[PDB]
file coords.cif (mmCIF, N, CA and C atoms)
data_data
loop_
_atom_site.label_atom_id
_atom_site.label_comp_id
_atom_site.auth_asym_id
_atom_site.auth_seq_id
_atom_site.Cartn_x
_atom_site.Cartn_y
_atom_site.Cartn_z
N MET A 1 23.81 -21.40 -18.96
CA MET A 1 22.38 -21.16 -18.61
C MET A 1 21.92 -22.07 -17.48
N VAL A 2 20.92 -21.62 -16.73
CA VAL A 2 20.35 -22.39 -15.63
C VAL A 2 18.83 -22.39 -15.77
N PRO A 3 18.16 -23.45 -15.29
CA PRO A 3 16.70 -23.54 -15.39
C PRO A 3 15.99 -22.54 -14.48
N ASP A 4 14.76 -22.19 -14.85
CA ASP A 4 13.95 -21.29 -14.04
C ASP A 4 13.13 -22.24 -13.17
N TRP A 5 13.65 -22.58 -12.00
CA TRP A 5 12.95 -23.51 -11.12
C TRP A 5 11.53 -23.10 -10.80
N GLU A 6 11.24 -21.81 -10.80
CA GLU A 6 9.88 -21.37 -10.51
C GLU A 6 8.97 -21.87 -11.63
N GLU A 7 9.47 -21.85 -12.86
CA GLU A 7 8.69 -22.32 -14.00
C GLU A 7 8.53 -23.84 -13.89
N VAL A 8 9.64 -24.52 -13.61
CA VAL A 8 9.63 -25.98 -13.49
C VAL A 8 8.73 -26.44 -12.34
N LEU A 9 8.86 -25.79 -11.18
CA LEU A 9 8.04 -26.16 -10.03
C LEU A 9 6.56 -25.97 -10.33
N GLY A 10 6.24 -24.96 -11.13
CA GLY A 10 4.86 -24.71 -11.50
C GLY A 10 4.30 -25.85 -12.35
N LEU A 11 5.15 -26.43 -13.19
CA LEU A 11 4.74 -27.54 -14.04
C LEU A 11 4.64 -28.81 -13.19
N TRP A 12 5.63 -29.00 -12.32
CA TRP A 12 5.68 -30.15 -11.43
C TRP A 12 4.44 -30.26 -10.55
N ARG A 13 4.08 -29.14 -9.91
CA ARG A 13 2.91 -29.10 -9.03
C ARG A 13 1.63 -29.42 -9.78
N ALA A 14 1.55 -28.96 -11.02
CA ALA A 14 0.38 -29.20 -11.85
C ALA A 14 0.34 -30.62 -12.39
N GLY A 15 1.43 -31.36 -12.19
CA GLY A 15 1.49 -32.73 -12.67
C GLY A 15 1.85 -32.84 -14.14
N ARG A 16 2.39 -31.78 -14.72
CA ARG A 16 2.77 -31.81 -16.13
C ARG A 16 4.19 -32.34 -16.23
N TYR A 17 4.32 -33.64 -15.99
CA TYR A 17 5.62 -34.30 -15.99
C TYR A 17 6.35 -34.34 -17.32
N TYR A 18 5.61 -34.43 -18.42
CA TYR A 18 6.26 -34.44 -19.72
C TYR A 18 6.91 -33.08 -19.97
N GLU A 19 6.21 -32.01 -19.58
CA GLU A 19 6.73 -30.66 -19.77
C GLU A 19 7.94 -30.38 -18.89
N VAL A 20 7.97 -30.95 -17.69
CA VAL A 20 9.12 -30.77 -16.81
C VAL A 20 10.32 -31.37 -17.54
N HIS A 21 10.10 -32.53 -18.14
CA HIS A 21 11.15 -33.21 -18.89
C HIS A 21 11.66 -32.35 -20.04
N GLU A 22 10.74 -31.83 -20.84
CA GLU A 22 11.08 -30.99 -21.99
C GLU A 22 11.94 -29.79 -21.62
N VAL A 23 11.60 -29.14 -20.51
CA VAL A 23 12.34 -27.97 -20.05
C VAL A 23 13.73 -28.32 -19.56
N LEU A 24 13.84 -29.39 -18.77
CA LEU A 24 15.12 -29.76 -18.20
C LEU A 24 16.12 -30.52 -19.09
N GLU A 25 15.63 -31.30 -20.05
CA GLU A 25 16.54 -32.09 -20.89
C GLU A 25 17.71 -31.32 -21.52
N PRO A 26 17.45 -30.14 -22.10
CA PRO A 26 18.53 -29.36 -22.71
C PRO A 26 19.60 -28.99 -21.68
N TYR A 27 19.16 -28.65 -20.47
CA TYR A 27 20.09 -28.28 -19.41
C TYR A 27 20.90 -29.50 -18.99
N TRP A 28 20.22 -30.63 -18.82
CA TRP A 28 20.90 -31.86 -18.42
C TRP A 28 21.99 -32.26 -19.41
N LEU A 29 21.67 -32.21 -20.70
CA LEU A 29 22.61 -32.57 -21.75
C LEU A 29 23.90 -31.75 -21.70
N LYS A 30 23.78 -30.47 -21.39
CA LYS A 30 24.95 -29.60 -21.33
C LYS A 30 25.58 -29.53 -19.94
N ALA A 31 24.93 -30.12 -18.94
CA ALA A 31 25.44 -30.09 -17.57
C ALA A 31 26.57 -31.08 -17.29
N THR A 32 27.28 -30.84 -16.19
CA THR A 32 28.38 -31.70 -15.78
C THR A 32 28.39 -31.83 -14.26
N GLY A 33 29.12 -32.82 -13.76
CA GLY A 33 29.23 -33.02 -12.33
C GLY A 33 27.93 -33.14 -11.55
N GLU A 34 27.87 -32.47 -10.40
CA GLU A 34 26.69 -32.52 -9.54
C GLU A 34 25.46 -31.90 -10.18
N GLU A 35 25.65 -30.86 -10.98
CA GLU A 35 24.52 -30.21 -11.64
C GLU A 35 23.85 -31.17 -12.61
N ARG A 36 24.65 -32.00 -13.28
CA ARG A 36 24.12 -32.98 -14.21
C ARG A 36 23.34 -34.05 -13.44
N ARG A 37 23.90 -34.47 -12.30
CA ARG A 37 23.25 -35.48 -11.47
C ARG A 37 21.92 -34.95 -10.94
N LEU A 38 21.91 -33.67 -10.57
CA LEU A 38 20.69 -33.05 -10.06
C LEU A 38 19.61 -33.03 -11.13
N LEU A 39 19.96 -32.51 -12.30
CA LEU A 39 19.02 -32.42 -13.41
C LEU A 39 18.47 -33.78 -13.83
N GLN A 40 19.35 -34.78 -13.95
CA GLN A 40 18.93 -36.12 -14.33
C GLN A 40 18.02 -36.72 -13.25
N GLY A 41 18.36 -36.50 -11.99
CA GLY A 41 17.56 -37.01 -10.89
C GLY A 41 16.13 -36.48 -10.93
N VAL A 42 15.97 -35.19 -11.18
CA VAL A 42 14.64 -34.59 -11.25
C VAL A 42 13.88 -35.17 -12.44
N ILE A 43 14.58 -35.31 -13.56
CA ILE A 43 14.00 -35.87 -14.78
C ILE A 43 13.51 -37.30 -14.53
N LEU A 44 14.33 -38.09 -13.83
CA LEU A 44 13.97 -39.47 -13.53
C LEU A 44 12.76 -39.57 -12.60
N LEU A 45 12.64 -38.63 -11.66
CA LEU A 45 11.49 -38.65 -10.76
C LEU A 45 10.22 -38.33 -11.56
N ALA A 46 10.32 -37.35 -12.46
CA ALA A 46 9.17 -36.98 -13.28
C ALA A 46 8.74 -38.19 -14.11
N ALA A 47 9.72 -38.92 -14.63
CA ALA A 47 9.48 -40.10 -15.45
C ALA A 47 8.81 -41.22 -14.64
N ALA A 48 9.24 -41.40 -13.40
CA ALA A 48 8.68 -42.42 -12.53
C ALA A 48 7.22 -42.09 -12.21
N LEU A 49 6.95 -40.82 -11.95
CA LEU A 49 5.60 -40.37 -11.63
C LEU A 49 4.68 -40.46 -12.85
N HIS A 50 5.22 -40.16 -14.02
CA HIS A 50 4.44 -40.25 -15.25
C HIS A 50 4.08 -41.71 -15.50
N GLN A 51 5.02 -42.61 -15.23
CA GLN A 51 4.78 -44.03 -15.43
C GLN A 51 3.73 -44.57 -14.46
N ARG A 52 3.77 -44.09 -13.22
CA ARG A 52 2.80 -44.53 -12.22
C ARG A 52 1.41 -44.08 -12.66
N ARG A 53 1.32 -42.88 -13.21
CA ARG A 53 0.04 -42.37 -13.68
C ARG A 53 -0.56 -43.30 -14.74
N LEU A 54 0.30 -43.87 -15.58
CA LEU A 54 -0.15 -44.78 -16.64
C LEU A 54 -0.37 -46.19 -16.11
N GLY A 55 -0.20 -46.37 -14.80
CA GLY A 55 -0.38 -47.68 -14.20
C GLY A 55 0.76 -48.63 -14.50
N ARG A 56 1.93 -48.08 -14.79
CA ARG A 56 3.10 -48.90 -15.10
C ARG A 56 4.20 -48.74 -14.05
N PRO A 57 5.13 -49.71 -13.98
CA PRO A 57 6.24 -49.70 -13.02
C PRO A 57 7.13 -48.46 -13.11
N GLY A 58 7.35 -47.81 -11.97
CA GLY A 58 8.19 -46.62 -11.95
C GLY A 58 9.29 -46.68 -10.90
N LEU A 59 9.29 -47.73 -10.09
CA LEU A 59 10.28 -47.88 -9.03
C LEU A 59 11.71 -48.00 -9.54
N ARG A 60 11.87 -48.38 -10.80
CA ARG A 60 13.20 -48.51 -11.39
C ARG A 60 13.77 -47.12 -11.66
N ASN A 61 12.91 -46.22 -12.14
CA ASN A 61 13.32 -44.84 -12.42
C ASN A 61 13.59 -44.13 -11.10
N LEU A 62 12.84 -44.51 -10.07
CA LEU A 62 12.97 -43.92 -8.73
C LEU A 62 14.33 -44.24 -8.11
N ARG A 63 14.71 -45.51 -8.15
CA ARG A 63 15.99 -45.92 -7.57
C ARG A 63 17.12 -45.22 -8.30
N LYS A 64 17.00 -45.11 -9.62
CA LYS A 64 18.01 -44.45 -10.42
C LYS A 64 18.06 -42.98 -9.99
N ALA A 65 16.89 -42.38 -9.81
CA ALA A 65 16.81 -40.98 -9.37
C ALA A 65 17.50 -40.81 -8.02
N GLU A 66 17.24 -41.74 -7.10
CA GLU A 66 17.83 -41.70 -5.77
C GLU A 66 19.35 -41.80 -5.81
N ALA A 67 19.88 -42.62 -6.72
CA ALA A 67 21.32 -42.76 -6.84
C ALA A 67 21.94 -41.47 -7.38
N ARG A 68 21.22 -40.79 -8.26
CA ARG A 68 21.70 -39.54 -8.83
C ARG A 68 21.69 -38.42 -7.79
N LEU A 69 20.64 -38.40 -6.96
CA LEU A 69 20.48 -37.37 -5.94
C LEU A 69 21.23 -37.65 -4.64
N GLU A 70 21.53 -38.92 -4.40
CA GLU A 70 22.23 -39.36 -3.20
C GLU A 70 23.52 -38.60 -2.90
N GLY A 71 23.56 -37.93 -1.75
CA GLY A 71 24.75 -37.20 -1.37
C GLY A 71 24.92 -35.78 -1.90
N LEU A 72 23.97 -35.31 -2.69
CA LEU A 72 24.06 -33.96 -3.23
C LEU A 72 23.73 -32.91 -2.18
N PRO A 73 24.36 -31.74 -2.28
CA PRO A 73 24.02 -30.73 -1.28
C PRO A 73 22.60 -30.27 -1.61
N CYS A 74 21.91 -29.70 -0.63
CA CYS A 74 20.55 -29.22 -0.85
C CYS A 74 20.37 -27.97 0.01
N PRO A 75 19.94 -26.86 -0.61
CA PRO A 75 19.64 -26.74 -2.05
C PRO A 75 20.83 -26.85 -2.99
N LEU A 76 20.53 -26.94 -4.28
CA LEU A 76 21.55 -27.03 -5.32
C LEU A 76 20.92 -26.35 -6.53
N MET A 77 21.65 -25.42 -7.14
CA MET A 77 21.15 -24.67 -8.28
C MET A 77 19.89 -23.90 -7.88
N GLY A 78 19.76 -23.63 -6.59
CA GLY A 78 18.60 -22.90 -6.09
C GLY A 78 17.36 -23.77 -5.97
N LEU A 79 17.53 -25.08 -6.01
CA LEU A 79 16.40 -25.99 -5.91
C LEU A 79 16.45 -26.89 -4.68
N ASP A 80 15.33 -26.99 -3.98
CA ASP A 80 15.22 -27.88 -2.82
C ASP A 80 14.72 -29.19 -3.42
N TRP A 81 15.66 -30.02 -3.84
CA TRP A 81 15.31 -31.29 -4.47
C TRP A 81 14.81 -32.34 -3.49
N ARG A 82 15.22 -32.24 -2.23
CA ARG A 82 14.79 -33.22 -1.23
C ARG A 82 13.27 -33.24 -1.08
N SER A 83 12.66 -32.06 -1.15
CA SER A 83 11.21 -31.97 -1.03
C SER A 83 10.55 -32.68 -2.20
N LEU A 84 11.14 -32.55 -3.39
CA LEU A 84 10.61 -33.21 -4.58
C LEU A 84 10.74 -34.74 -4.45
N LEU A 85 11.88 -35.19 -3.94
CA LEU A 85 12.09 -36.62 -3.76
C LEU A 85 11.10 -37.18 -2.75
N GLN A 86 10.92 -36.45 -1.65
CA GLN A 86 10.00 -36.87 -0.59
C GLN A 86 8.57 -36.98 -1.11
N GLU A 87 8.15 -36.00 -1.91
CA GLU A 87 6.81 -36.00 -2.49
C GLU A 87 6.66 -37.17 -3.45
N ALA A 88 7.68 -37.38 -4.29
CA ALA A 88 7.66 -38.47 -5.25
C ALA A 88 7.48 -39.81 -4.54
N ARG A 89 8.22 -40.02 -3.45
CA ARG A 89 8.12 -41.26 -2.69
C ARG A 89 6.71 -41.48 -2.17
N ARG A 90 6.07 -40.41 -1.69
CA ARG A 90 4.71 -40.53 -1.18
C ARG A 90 3.75 -40.93 -2.30
N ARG A 91 3.84 -40.24 -3.43
CA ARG A 91 2.98 -40.53 -4.58
C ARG A 91 3.21 -41.91 -5.18
N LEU A 92 4.45 -42.40 -5.10
CA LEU A 92 4.79 -43.70 -5.66
C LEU A 92 4.58 -44.83 -4.66
N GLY A 93 4.21 -44.48 -3.43
CA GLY A 93 3.98 -45.48 -2.40
C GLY A 93 5.26 -46.15 -1.95
N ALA A 94 6.38 -45.45 -2.11
CA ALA A 94 7.68 -45.98 -1.73
C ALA A 94 8.22 -45.20 -0.53
#

call {"tool": "encode", "arguments": {"input": "coords.cif", "output": "structure tokens"}}
result
Amino acid sequence: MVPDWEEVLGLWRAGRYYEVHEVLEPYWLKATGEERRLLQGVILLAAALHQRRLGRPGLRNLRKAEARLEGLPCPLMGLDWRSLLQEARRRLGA
């Protein structure tokens, strides 16, 4: 199975970071290789953004996300993850 990025992107844009996590976690757990790195990276960005919203440190989740996404082809699994990373950096002030 693969995620419905249109559904995920709809949650992401709305800022529903917990829900993005809920949808992707099952896929991440069963994923392998680059697909697993992609899924975990998106999950980590959502986590960093959720933490920033709470006024807490999120740069640690961001660096981890960057290491997971670093070097991946784009798009991947039909997702333009670079745009998500770029947006996350702007919102996190990084």

call {"tool": "resolve_selection", "arguments": {"input": "coords.cif", "expression": "the PyMOL selection byres ((chain A and resi 55-72) around 8)", "output": "MDAnalysis selection string"}}
result
chainID A and resid 34 36:54 73:76 81 85 92 94

call {"tool": "write_last_selection", "arguments": {"input": "coords.cif", "atoms": "N, CA and C atoms", "output": "tab-separated table (two decimals), in the coordinates of the input"}}
result
chain	number	residue	atom	x	y	z
A	34	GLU	N	27.87	-32.47	-10.40
A	34	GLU	CA	26.69	-32.52	-9.54
A	34	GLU	C	25.46	-31.90	-10.18
A	36	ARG	N	24.65	-32.00	-13.28
A	36	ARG	CA	24.12	-32.98	-14.21
A	36	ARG	C	23.34	-34.05	-13.44
A	37	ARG	N	23.90	-34.47	-12.30
A	37	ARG	CA	23.25	-35.48	-11.47
A	37	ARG	C	21.92	-34.95	-10.94
A	38	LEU	N	21.91	-33.67	-10.57
A	38	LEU	CA	20.69	-33.05	-10.06
A	38	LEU	C	19.61	-33.03	-11.13
A	39	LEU	N	19.96	-32.51	-12.30
A	39	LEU	CA	19.02	-32.42	-13.41
A	39	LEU	C	18.47	-33.78	-13.83
A	40	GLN	N	19.35	-34.78	-13.95
A	40	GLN	CA	18.93	-36.12	-14.33
A	40	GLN	C	18.02	-36.72	-13.25
A	41	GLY	N	18.36	-36.50	-11.99
A	41	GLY	CA	17.56	-37.01	-10.89
A	41	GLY	C	16.13	-36.48	-10.93
A	42	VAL	N	15.97	-35.19	-11.18
A	42	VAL	CA	14.64	-34.59	-11.25
A	42	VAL	C	13.88	-35.17	-12.44
A	43	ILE	N	14.58	-35.31	-13.56
A	43	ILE	CA	14.00	-35.87	-14.78
A	43	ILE	C	13.51	-37.30	-14.53
A	44	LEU	N	14.33	-38.09	-13.83
A	44	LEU	CA	13.97	-39.47	-13.53
A	44	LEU	C	12.76	-39.57	-12.60
A	45	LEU	N	12.64	-38.63	-11.66
A	45	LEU	CA	11.49	-38.65	-10.76
A	45	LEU	C	10.22	-38.33	-11.56
A	46	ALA	N	10.32	-37.35	-12.46
A	46	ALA	CA	9.17	-36.98	-13.28
A	46	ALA	C	8.74	-38.19	-14.11
A	47	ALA	N	9.72	-38.92	-14.63
A	47	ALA	CA	9.48	-40.10	-15.45
A	47	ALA	C	8.81	-41.22	-14.64
A	48	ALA	N	9.24	-41.40	-13.40
A	48	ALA	CA	8.68	-42.42	-12.53
A	48	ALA	C	7.22	-42.09	-12.21
A	49	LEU	N	6.95	-40.82	-11.95
A	49	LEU	CA	5.60	-40.37	-11.63
A	49	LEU	C	4.68	-40.46	-12.85
A	50	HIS	N	5.22	-40.16	-14.02
A	50	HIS	CA	4.44	-40.25	-15.25
A	50	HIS	C	4.08	-41.71	-15.50
A	51	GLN	N	5.02	-42.61	-15.23
A	51	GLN	CA	4.78	-44.03	-15.43
A	51	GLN	C	3.73	-44.57	-14.46
A	52	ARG	N	3.77	-44.09	-13.22
A	52	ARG	CA	2.80	-44.53	-12.22
A	52	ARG	C	1.41	-44.08	-12.66
A	53	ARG	N	1.32	-42.88	-13.21
A	53	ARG	CA	0.04	-42.37	-13.68
A	53	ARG	C	-0.56	-43.30	-14.74
A	54	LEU	N	0.30	-43.87	-15.58
A	54	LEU	CA	-0.15	-44.78	-16.64
A	54	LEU	C	-0.37	-46.19	-16.11
A	73	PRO	N	24.36	-31.74	-2.28
A	73	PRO	CA	24.02	-30.73	-1.28
A	73	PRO	C	22.60	-30.27	-1.61
A	74	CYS	N	21.91	-29.70	-0.63
A	74	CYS	CA	20.55	-29.22	-0.85
A	74	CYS	C	20.37	-27.97	0.01
A	75	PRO	N	19.94	-26.86	-0.61
A	75	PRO	CA	19.64	-26.74	-2.05
A	75	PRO	C	20.83	-26.85	-2.99
A	76	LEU	N	20.53	-26.94	-4.28
A	76	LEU	CA	21.55	-27.03	-5.32
A	76	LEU	C	20.92	-26.35	-6.53
A	81	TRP	N	15.66	-30.02	-3.84
A	81	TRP	CA	15.31	-31.29	-4.47
A	81	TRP	C	14.81	-32.34	-3.49
A	85	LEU	N	11.88	-35.19	-3.94
A	85	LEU	CA	12.09	-36.62	-3.76
A	85	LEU	C	11.10	-37.18	-2.75
A	92	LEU	N	4.45	-42.40	-5.10
A	92	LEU	CA	4.79	-43.70	-5.66
A	92	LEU	C	4.58	-44.83	-4.66
A	94	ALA	N	6.38	-45.45	-2.11
A	94	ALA	CA	7.68	-45.98	-1.73
A	94	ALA	C	8.22	-45.20	-0.53

call {"tool": "select_by_dssp", "arguments": {"input": "coords.cif", "residues": "chain A", "states": "alpha helix (DSSP H)", "output": "ChimeraX atom specification"}}
result
/A:5-14,17-30,33-53,59-69,81-92

call {"tool": "atom_distance", "arguments": {"input": "coords.cif", "atom1": "atom CA of residue 77 of chain A", "atom2": "atom CA of residue 5 of chain A"}}
result
8.8 Å

call {"tool": "atom_distance", "arguments": {"input": "coords.cif", "atom1": "atom CA of residue 80 of chain A", "atom2": "atom CA of residue 9 of chain A"}}
result
10.3 Å
